[PDB]
Amino acid sequence: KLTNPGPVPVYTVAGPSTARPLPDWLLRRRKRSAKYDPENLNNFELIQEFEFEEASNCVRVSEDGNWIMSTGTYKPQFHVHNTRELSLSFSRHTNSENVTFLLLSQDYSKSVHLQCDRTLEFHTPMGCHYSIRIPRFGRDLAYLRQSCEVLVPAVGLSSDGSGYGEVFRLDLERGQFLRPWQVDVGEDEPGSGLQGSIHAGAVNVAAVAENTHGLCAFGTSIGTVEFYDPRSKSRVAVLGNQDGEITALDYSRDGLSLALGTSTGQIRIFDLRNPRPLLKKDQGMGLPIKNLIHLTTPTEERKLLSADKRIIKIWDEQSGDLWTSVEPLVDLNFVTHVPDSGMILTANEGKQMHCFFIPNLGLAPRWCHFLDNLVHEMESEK
Amino acid sequence: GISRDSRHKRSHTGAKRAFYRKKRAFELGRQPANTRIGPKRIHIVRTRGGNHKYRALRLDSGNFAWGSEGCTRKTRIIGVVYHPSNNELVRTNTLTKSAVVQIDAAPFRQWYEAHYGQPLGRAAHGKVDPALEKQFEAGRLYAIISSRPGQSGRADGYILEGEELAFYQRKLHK
Amino acid sequence: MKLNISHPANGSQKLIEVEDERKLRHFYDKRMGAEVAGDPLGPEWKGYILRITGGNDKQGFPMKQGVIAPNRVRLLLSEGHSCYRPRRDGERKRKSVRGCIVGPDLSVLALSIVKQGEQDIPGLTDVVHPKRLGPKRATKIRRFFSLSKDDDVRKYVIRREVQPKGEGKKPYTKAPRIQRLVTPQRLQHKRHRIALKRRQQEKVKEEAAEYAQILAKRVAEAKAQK
Amino acid sequence: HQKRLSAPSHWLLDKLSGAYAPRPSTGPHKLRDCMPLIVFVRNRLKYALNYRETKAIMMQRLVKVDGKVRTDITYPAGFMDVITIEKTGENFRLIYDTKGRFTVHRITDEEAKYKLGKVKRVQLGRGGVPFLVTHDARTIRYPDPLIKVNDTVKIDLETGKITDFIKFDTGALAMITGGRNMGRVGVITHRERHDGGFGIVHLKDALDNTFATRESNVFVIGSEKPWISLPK
Amino acid sequence: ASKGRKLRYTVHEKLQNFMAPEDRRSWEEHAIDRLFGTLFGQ
Amino acid sequence: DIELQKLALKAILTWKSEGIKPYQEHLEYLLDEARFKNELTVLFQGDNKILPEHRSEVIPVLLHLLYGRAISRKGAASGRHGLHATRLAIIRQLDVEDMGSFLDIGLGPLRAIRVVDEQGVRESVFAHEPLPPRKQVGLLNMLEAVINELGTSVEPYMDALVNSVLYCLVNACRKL
Amino acid sequence: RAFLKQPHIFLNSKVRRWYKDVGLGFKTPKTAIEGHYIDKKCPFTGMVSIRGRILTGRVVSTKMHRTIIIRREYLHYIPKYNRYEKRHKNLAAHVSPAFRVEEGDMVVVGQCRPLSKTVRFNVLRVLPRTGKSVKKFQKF
RNA sequence: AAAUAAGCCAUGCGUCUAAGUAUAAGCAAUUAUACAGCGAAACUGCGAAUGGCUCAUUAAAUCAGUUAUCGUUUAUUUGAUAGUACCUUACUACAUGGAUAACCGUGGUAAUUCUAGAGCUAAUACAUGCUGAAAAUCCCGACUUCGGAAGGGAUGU
RNA sequence: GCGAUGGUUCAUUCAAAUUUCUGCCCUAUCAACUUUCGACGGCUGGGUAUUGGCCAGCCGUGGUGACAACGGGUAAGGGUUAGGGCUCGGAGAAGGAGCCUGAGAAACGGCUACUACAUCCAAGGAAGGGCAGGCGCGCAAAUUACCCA
């Protein structure tokens, strides 16, 4: 366990030490043949085999909070960790490196992921209910719970009909692809394929709510965020022309305000009715931001920011002041938080999946109680 | 589930067939390695005959051949420019074979001013095609990948020169 | 919680019955490998500080280092871990182990005394225990007895006398057959190896020279035909 | 563990050696072109009785095959391996007969010292050196530069070097070691190319029977010059 | 035409009765349709 | 020696200066003997290039360490690919301005040498040896690599290289 | 699309063409010698090697991207009739653009490594005949 | 020498040679004491692509003849096999490392190596591996007394 | 000096994998079939030990069939030549799903999760998934034999 910042401490309790680690073969050879003096006390892991030896893609904790599903790269697989028993429940291999999954049930008993070789794979604990090829490539994955329907964005322009751009949506009770929700992306070359060209033609992020009204918000590469309403099956809004490709989309706890962000590193907190921004922040460097979620220390509200320049900044919403900043020392591809408090699980490029602990945003979760006492022992050490 | 057999497909006369036999370990095909840009992440796979092939998943540098003059140097890899097969590899920066990718130019520039001595990109045997000279003034050349990164563990290759250089510039303009 | 207390520097160990968990309250919420003072344990433990190195809770489950749960956890154990030995090669087995945290539900606490005090525990600190075997390789004998280049380890090896059967005969000595001892048999083996190398290279030389002269002879006879 | 009838018809077994037959171990000669040492010792020569007796002969250094001590019992010895037994002071040689079976030939040291081996291929090995591969899988480094494919070589067998060679020739007498006309000592009188696979030769015996055998199945033995003693 | 590129609207057999529709919406359906009218245009 | 180099670099990092502070991870991997050739092209041509503000602070430490790695005989193979390509891969990536300090640590006693005076030949210098005949060989191999990697940019360093090469040449020509 | 090339020949030098003979008593056509098309399944341009069986026959469908189908007729012996019957088969072969293609002609093919699910053959010699459509029959 | 079941019911079930590692607190000894003979335990290497069982079937796809691998992998066999030094540590280096098992002890649990703590010790197990020396080793060879060579280039896989 | 052990490459042997032409029994109350897991190419890559629509991107219009495709029926021989004899000849290890070793397995030998039985216990926990034999009416009929010689 380390501590990175001065004023408000974060705690890298599990994580890769070096930006260029050696091959694990050479590491085990030097460990079993050489003499070494490691920090036996403070260095540990908290859940068993929380690594992938190549890279990682996404982490999600269930609404029951007992299961951590995580997908990673070599022999492209997904680990399911039971978090009460602090170990691997299992790990199941797949056909290619996963893009993005969601849990459907409150447990891990139903999963779906959009997967790099243009597939959607539906997973049970029994095995794998069979895959559906989406026609065109995909970027994200969202779930309409009230009318159970998976919706994925697509890059590129459609085959026939209009040339807007498409969001592929299939219901689970009905079973078929209903109709692609048509989102304009822009103009493309008439001379190309049917998968698009290299420069543009991509819808990126789809975001919905699951306790409020739930306006299906999409976001596409010419600086455009769109809004669709369920039970209308048609467009409501087109707004937010920016310079950067929209990579962030997340509602707040109330169900009104939106936190979007662009590929240059600029975030805008919008209201759903005011065209002028409630908040703007131009931070980091020119590497594109990835993921932003709202998180409430039990009284206040604050916001995440995670960007591939190894910058994850927790901003304030009520004042806009930079509350804290973490440097994960590697590329990180996904952030999630334990829904109780405190713990940010981050899927990275490195070997080990790394998780941060904020004592000043919340407490240790209900399955690893002693983390607060370990922070206490580090406070004794300093 | 990923395999290499032909028992699932229809015949030459247009007929399907039952022909149910179990998948065997010589019809084995493993999952693809989308080799991307990053620090070195290679996993070693043992294969039939106990033979190792090196599945490289994240790569930084490889040596590239400026071979009309007689050098090859280890240079880094900036970002993939274009790929003849897919657009998603161009989008998500995947290093495959026959990928045109832009690389750094500093060791080639150093070897030019070290061997000949006339500086470049800032008598008669030192001669540079002016398109390639524009690549040197940019400090970022257009290489092409000739080695399989997935099945060797390295992304090496030769630089583009002349007709192929002009062809891939026109294809970038396309 | 009975304390299996070991002094590793002397090589001795003793199990100590401990009742009255008010005495054992300072062991609580301490991970394995942590330094706790034995001063609040007893008056005979004044000045002692010791590390806790493991334990077994009720129902006899082991305690592996690096598990943050206080209760009994269900790990998946690989080959070279503690608390599990493989029945066959390549086997990963799910075993239940107690987490690192010393709670109230323990049965034995493995402790190791790192620094003593002025008082001696009568059965623990007083008895010396030598090592079971002495060193076998010559350079470890050299680093042990700090020999120079001349002093010829073969008489500086440790020895041990045993009395065999046969109705009480003479004592008999045993000596551990030094591994890294340069004998003339070893040196002659090295010389035979490099002699095989030079014999092979000179045979390649002679066969190459005779092929050169025979090939020149054959092309001379071919051009004599032409 | 093959049966006695599934054993090939050219290393003979009678109604005596049980229903089973030993398989030859992997080695220089092939499987179906082979005589194992146990069949040579106790089923052909009958210097032994049982498997354990054959083992008690083999394990002590009393049987030498091609000039080297061969210890394991089912060692393959297919064609023209000189087999030296020193306690009996004999050297046997394996040839065929006119019907197509194995034949043994007793001889002393003067003809026991050399082996007539047919060249399988010539190549350039590592180090830029030409090397030569016979049918005994003997590779000879730096050969004579005319010894091409299908030429036979007098191997020294005390150093292993080349001593003489016989060229593939229309007019050189040859021995057949395969095919439907197997084991017929006659003279190569014609050779047809058939480029595109499987060329042939036309061959006649001493007493006028023409037949076509393949250039793989042929084996050169000498023009007249019987360099190994075919049994009289 | 080819491998997956056209949306073949076929009712999938094992994909038929996965999840029950769970309406989790904290708003009372009369204020929500009034909201979508009064965006940036109105 | 790799162990003494590691302990010396640990003492240099015990000197706690902000010029060396962002480069410590890049420094120690050069002494880790498995990652030297990859760490060289991480250091130069990387996203974390040496910043010209504190280039004046890191370069003497880095060049003494790279000099030691170019000297060391243990991990290198035989032939050219053993250690000749290592010297070439150091000198090909070094700057021509750092190359002055590189040859400064290269030439110990022959740094301030003078071969020619107002008169013809300094026989007083030439009838004396400051270096062993073992040691001049690695010097000449290194300067051959320096010149073959520099080219014209030797022009600011003419005054000492020719004195070194001429001294070794005429000591050899006296020893025939 | 990528720039087609003969895989190991250094074109961009500032200081040729590789065509091998198939052998087997054949002659390289002038288009295969100098004609600037590039095809890697061509036995004179690419690295495909012809070995094994050598077949002939008459083309059914020339109209296809460098792949022709041959109707091979033969006379099967039915023992129930004690008679000869006509049996037609369809082969596929990859076509080099070196030759001049006709319909109904008698074409020589050669066996190579598997180039597709059907394609195991390459054209080597074309005999220009006035052969007709599907009504025409000759064992060949 | 010929000798339907569905369902009930009990019983039965590796690997050592002169030639890797022996301080067994193991046996057996003496005429020059690290070891020597036999050698359980354990570490190391090999082994189990089958011996044979059950039952919804495979309709030129298997299979047979007949080709090819210039489109591929191969432990074992047997045969050949590897010219690769110097190259700024020298005011140097020159009997190479650390782990563990067996073993000795202290135990926990109802729960057999389910195992925890503490102390050892070997390798043909895992692992590093400039050096005696001013030479080495390849290709050329002028001059030539077969003399055997002045001196020229060069440094694996 | 003789061997044992080990080592790079090329052999050789033992294999394994594909692969070319011909050869199945009947039937038109089976005339259209394939493109309904791409159906035929060619280009580019991925993966494989390698070729290959085997798989992924780009486009072209195919491929088979009254000379019997396709579908349906289930009743699943070759070589050795007097003769008979003799020889050779898919799916599962309680059920799906995923993984591990090795030259060779998708071993079912192990592991993990889910499902379904079932055992010991001090009620906290912990190990495990075959054939053979008898009865199969209340009345019946061939050894639970010995050894690797």
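None of the figures in this text is laboratory data; all of them are computed from the coordinates on show. A quick note on method: Cβ atoms are made from the backbone with ideal geometry, for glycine too, and the neighbour counts reach across all protein chains shown.
Quick test for you: out of D:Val122, D:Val39, pick the one residue that is surrounded by 13 or more Cβ atoms within 10 Å (Cβ to Cβ), of a type outside the set (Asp, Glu), more than 12 Å from RNA strand H (Cβ to nearest atom) and within 14 Å of chain C (Cβ to nearest Cβ). Sole residue among the options that is surrounded by 13 or more Cβ atoms within 10 Å (Cβ to Cβ), of a type outside the set (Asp, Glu), more than 12 Å from RNA strand H (Cβ to nearest atom) and within 14 Å of chain C (Cβ to nearest Cβ): D:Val122. In the range C:33-61, of all residues being of a type outside the set (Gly, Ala, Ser), in contact with a strand residue (DSSP E or B) (Cβ under 6 Å, 6 or more places away or on another chain) and within 14 Å of chain A (Cβ to nearest Cβ), the one that is farthest from RNA strand H (Cβ to nearest atom) corresponds to C:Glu35.
In the range A:66-88, the residue that is farthest from the chain's Cα centre (by Cα) out of those that are part of a loop (DSSP other than H, G, I, E, B) and under 27 Å from C:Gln65 (Cβ atoms) is A:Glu85. In this entry, D:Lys55 passes the filter for residues that are assigned to a helix (DSSP H, G or I), farther than 23 Å from D:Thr177 by Cα and within 14 Å of RNA strand I (Cβ to nearest atom). Would you check if G:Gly57 is over 11 Å from G:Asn122 (Cα atoms), away from RNA strand H (no atom under 12 Å from the Cβ), outside any helix (DSSP H, G or I) and touching a strand residue (DSSP E or B) at 6+ places or on another chain (Cβ under 6 Å)? So G:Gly57 fits the description; yes. Scanning the range C:38-83 for residues that are outside any loop (DSSP other than H, G, I, E, B), of a type in the set (A, V, I, L, M, F, W, C) and under 25 Å from A:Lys31 (Cβ atoms) gives C:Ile52, C:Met63, C:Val73, C:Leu75, C:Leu76, C:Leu77.
Of the set (1) within 11 Å of RNA strand I (Cβ to nearest atom); (2) surrounded by 10 or more Cβ atoms within 10 Å (Cβ to Cβ), all apply to C:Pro184 but (2).
Please verify whether the range E:22-34 includes one or more residues that are more than 7 Å from chain A (Cβ to nearest Cβ) and either outside any loop (DSSP other than H, G, I, E, B) or β-branched (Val, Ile, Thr) (or both). Among the residues of the range E:22-34, at least one is more than 7 Å from chain A (Cβ to nearest Cβ) and either outside any loop (DSSP other than H, G, I, E, B) or β-branched (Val, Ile, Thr) (or both), which makes the answer yes. Being loosely packed, with under 13 Cβ neighbours inside 10 Å and under 27 Å from the mean Cα position of the chain (by Cα) holds for only one residue in A:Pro38, A:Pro9, A:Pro21, A:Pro5, and it is A:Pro5.
Considered as a group, the residues in the range F:118-136 that are touching a helix residue (DSSP H, G or I) at 6+ places or on another chain (Cβ under 9 Å) and part of a helix (DSSP H, G or I) include one that is surrounded by the most Cβ atoms within 10 Å (Cβ to Cβ), and that residue is F:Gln136.
When the test is whether a residue is surrounded by 15 or more Cβ atoms within 10 Å (Cβ to Cβ) and within 16 Å of RNA strand I (Cβ to nearest atom), C:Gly134 does not pass it. Among the residues making up the range G:65-88, those that are exposed (fewer than 12 other Cβ atoms within 10 Å of the Cβ) and not in a strand (DSSP E or B) are G:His65, G:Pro79, G:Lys80, G:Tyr81, G:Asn82. The single residue among C:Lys140, C:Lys197 that is within 27 Å of C:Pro8 (Cα to Cα), surrounded by 10 or more Cβ atoms within 10 Å (Cβ to Cβ) and among the basic types (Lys, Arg) turns out to be C:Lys140. Within the range G:39-70, the set of residues being more than 9 Å from RNA strand I (Cβ to nearest atom), of a type in the set (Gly, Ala, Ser) and more than 14 Å from every other protein chain (Cβ to nearest Cβ) comprises just one member, G:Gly57.
Summed over the range C:9-32, the residues that are closer than 28 Å to A:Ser380 by Cα and within 12 Å of RNA strand H (Cβ to nearest atom) give a count of 1. Can you spot a residue in the range G:13-35 that is more than 13 Å from RNA strand I (Cβ to nearest atom) and in contact with a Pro (Cβ under 6 Å, 6 or more places away or on another chain)? The answer is yes, given that some residue of the range G:13-35 is more than 13 Å from RNA strand I (Cβ to nearest atom) and in contact with a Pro (Cβ under 6 Å, 6 or more places away or on another chain).
Pairing each residue of the range B:65-87 that is over 21 Å from B:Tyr116 (Cβ atoms) and within 13 Å of chain G (Cβ to nearest Cβ) with any residue that is surrounded by fewer than 17 Cβ atoms within 10 Å (Cβ to Cβ) and hydrophobic (A, V, I, L, M, F, W, C), provided the two are 6+ apart or on different chains, yields C-beta distances under 7 Å for B:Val81/B:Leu172; B:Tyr82/B:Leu172; B:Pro84/G:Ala2. Just name the residue that is nearest to D:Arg32 (Cα to Cα) out of those in the range D:59-83 that are part of a strand (DSSP E or B) and more than 15 Å from RNA strand I (Cβ to nearest atom). If we take residues in the range D:59-83 being part of a strand (DSSP E or B) and more than 15 Å from RNA strand I (Cβ to nearest atom), then D:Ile83 is nearest to D:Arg32 (Cα to Cα). Restricted to the range B:59-163, the set of helices (runs of 4 or more DSSP H) holding at least 3 residues that are of a type in the set (A, V, I, L, M, F, W, C), surrounded by 17 or more Cβ atoms within 10 Å (Cβ to Cβ) and on the phi > 0 side of the Ramachandran plot is empty.
Scanning the range D:185-207 for residues that are closer than 23 Å to D:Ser229 by Cα and surrounded by 14 or more Cβ atoms within 10 Å (Cβ to Cβ) yields D:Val185, D:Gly186, D:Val187, D:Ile188, D:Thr189, D:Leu203, D:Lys204, D:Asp205. Taking the residues in the range B:11-66 that are hydroxyl-bearing (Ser, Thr, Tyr) and within 16 Å of RNA strand H (Cβ to nearest atom) as candidates, determine which candidate is nearest to A:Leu22 (Cα to Cα). Among them, the one singled out is B:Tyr54. Here B:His52 fits the description: loosely packed, with under 14 Cβ neighbours inside 10 Å, within 13 Å of RNA strand I (Cβ to nearest atom), farther than 23 Å from B:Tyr158 by Cβ and of a type outside the set (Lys, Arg). For B:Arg10, indicate whether it is within 14 Å of chain G (Cβ to nearest Cβ), more than 7 Å from RNA strand I (Cβ to nearest atom) and under 30 Å from G:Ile69 (Cα atoms). Judged against the criteria, B:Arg10 is not a match. Among the helices (runs of 4 or more DSSP H) confined to the range F:1-63, the ones with at least 1 residues that are within 14 Å of chain B (Cβ to nearest Cβ) are located at F:24-31, F:36-43. Here the condition is being within 9 Å of another protein chain (Cβ to nearest Cβ) and polar (S, T, N, Q); of A:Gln115, A:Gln176, it holds for A:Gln176 alone. Each residue in the range G:17-54 was checked for being within 16 Å of RNA strand H (Cβ to nearest atom) and outside any loop (DSSP other than H, G, I, E, B), and 1 pass. If only residues of the range C:163-181 that are within 6 Å of RNA strand H (Cβ to nearest atom), of a type outside the set (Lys, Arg) and over 30 Å from C:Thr139 (Cα atoms) are counted, the one that is surrounded by the fewest Cβ atoms within 10 Å (Cβ to Cβ) is C:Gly166.
Residues that are away from RNA strand I (no atom under 11 Å from the Cβ), surrounded by 15 or more Cβ atoms within 10 Å (Cβ to Cβ) and not in a loop (DSSP other than H, G, I, E, B) within the range G:89-140 comprise G:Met106, G:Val107, G:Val108, G:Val123, G:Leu124, G:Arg125, G:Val126, listed in sequence order.
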